[PDB]
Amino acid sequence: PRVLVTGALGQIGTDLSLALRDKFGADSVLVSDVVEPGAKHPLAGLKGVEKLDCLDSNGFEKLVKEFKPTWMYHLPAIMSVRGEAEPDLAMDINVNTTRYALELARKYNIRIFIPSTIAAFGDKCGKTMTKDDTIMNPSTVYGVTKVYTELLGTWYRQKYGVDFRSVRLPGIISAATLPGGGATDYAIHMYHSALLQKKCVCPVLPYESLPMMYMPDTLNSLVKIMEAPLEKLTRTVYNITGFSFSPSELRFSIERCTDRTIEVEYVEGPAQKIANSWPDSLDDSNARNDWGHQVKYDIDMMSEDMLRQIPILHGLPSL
C-alpha cells in the first residue's frame, strides 16, 4: 500500500499523515500540500513531504506518475465559514482539485478517499439521526461543492470502476492544530480559553447540538474504510459520527475535568446560522455494519486528553 496525501498539512492531514507513516512506514507514504511545513510543524525536516498545488493538473499528474500510489486521500478544501467569505476560492479549490484527483484516480487505478461533511446537509435533511440518503439542500457554498464531490465521485465509481470512498465527517476536534474562525472550531477555542483562564466568547448558541468526533476515532475510521474489501461496501459515501454535544455540554465537561468554573459568554457570530442548518445527530448504522466504524472516546475522555495535550503541543499553562 503506497499512500499519497494531498492538502496534507492542515488539521486532518497532519495527524493522518503521521498515522499512515507509522502503520505502513515512511517510504510507502507521500505527503503533499501547496504550502511547506513551518518550523514548529510536526512534519518539518521529514522527507517524503512535497509541495504540490492541486489546481495544477499537470503538476498533480507528474507527482502521481513518479510515486505510483495505490491509495490517495484528497484533503484540500475551503470550509464552511471561510467559503462564505471567499466563495470563488471555495469553488475553485473544492470543485477543480477534486475533478483532477478523480481523473488521476481513474487513469492510474488509485483507490481514492475524498471526505464529505455534515455541511452537505441543510434544513430539509431531517435533523434527528440523519440517514445516509435524504434531501440535500446545503446553505453554504462549501456544502454545495461537497454534494458535487459526493455525486461526481460516485459517478466515477459507476462509470469507470474507480474505487471512490468517502465519509461525512462531523466536526473534528484535535489538539495539534490551533483554532481558527471555523464553525466547529469554538470547541477547540474553549479548551484553550479554559487553560489560559480567559473569557471564551462563543459564537455558537449554548444549546445548539452538533455531531462531533475526536481525532483518534477519526484516524481509525479513515484507515479502516480504506482497508476494507470493496465487496463489503454497500455504498460509496457514509455518515460517521462520534457523539453530539452543545457548547453548554462542552463547558460542563471541561469544568468536571478542571474542577473549576470557566467563563463563557454567548454572543452569536456567523457560525450559528450555519450550524443551525446542520443535523443535530447522524445515523451511521451503514458504516457500522459494512466496515466496522467505531468510536472509543466520549466527551469526558476527550476533554481529559485535550487538557493534557494542548499544554504540551503549544505551551499554554498546564492544568
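For every residue, the number given is its place in the sequence shown, counted from 1. If you superpose the two forms and keep the largest set of C-alpha atoms that fall within 1.5 Å, you have the rigid core.
Participant: 257 to 265 versus 64 to 72: which one's CA atoms end up farther from this form in 8 other deposited structures of this protein after a core fit?
Facilitator: It is 257 to 265 whose C-alphas lie farther from the shown form in 8 other deposited structures of this protein.
Participant: After fitting on the rigid core, pick out whichever of 174 to 182 or 93 to 101 shows the bigger RMS C-alpha deviation in 8 other deposited structures of this protein.
Facilitator: Between 174 to 182 and 93 to 101, the one lying farther away in 8 other deposited structures of this protein is 174 to 182.
Participant: Mean CA B-factor: is it higher for 51 to 59 or for 35 to 43?
Facilitator: The recorded data point to 35 to 43.
Participant: Where do the C-alpha atoms have the higher mean temperature factor in this entry, in 278 to 286 or in 264 to 272?
Facilitator: Result of the comparison: 264 to 272.
Participant: Based on the PDB record, which member of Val167, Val81, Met213, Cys200 exhibits the highest Cα temperature factor?
Facilitator: Each of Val167, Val81, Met213, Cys200 was compared by C-alpha B-factor; the highest is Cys200.
Participant: Comparing recorded Cα B-factors across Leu205, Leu75, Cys125, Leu196, which one is largest?
Facilitator: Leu196 has the highest C-alpha B-factor of those listed.
Participant: Quick check for you: using the entry's CA B-factors within this chain, is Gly153 in the lowest, middle or highest third?
Facilitator: CA B-factor rank for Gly153: lowest third.
Participant: Which third of the chain does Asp185 land in by C-alpha B-factor: lowest, middle or highest?
Facilitator: Highest third.
Participant: Please rank the C-alpha B-factors of the chain's modelled residues and tell me whether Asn239 sits in the lowest, middle or highest third.
Facilitator: Lowest third, going by the recorded CA B-factors of the chain.
Participant: Splitting the chain's C-alpha B-factors into thirds, which one does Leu313 fall into?
Facilitator: As the PDB entry reports it, the C-alpha B-factor of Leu313 lands in the highest third of its chain.
Participant: So where's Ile299 on the chain's Cα temperature factor ranking, which third?
Facilitator: Lowest third - that is where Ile299 ends up once the chain's C-alpha B-factors are sorted.
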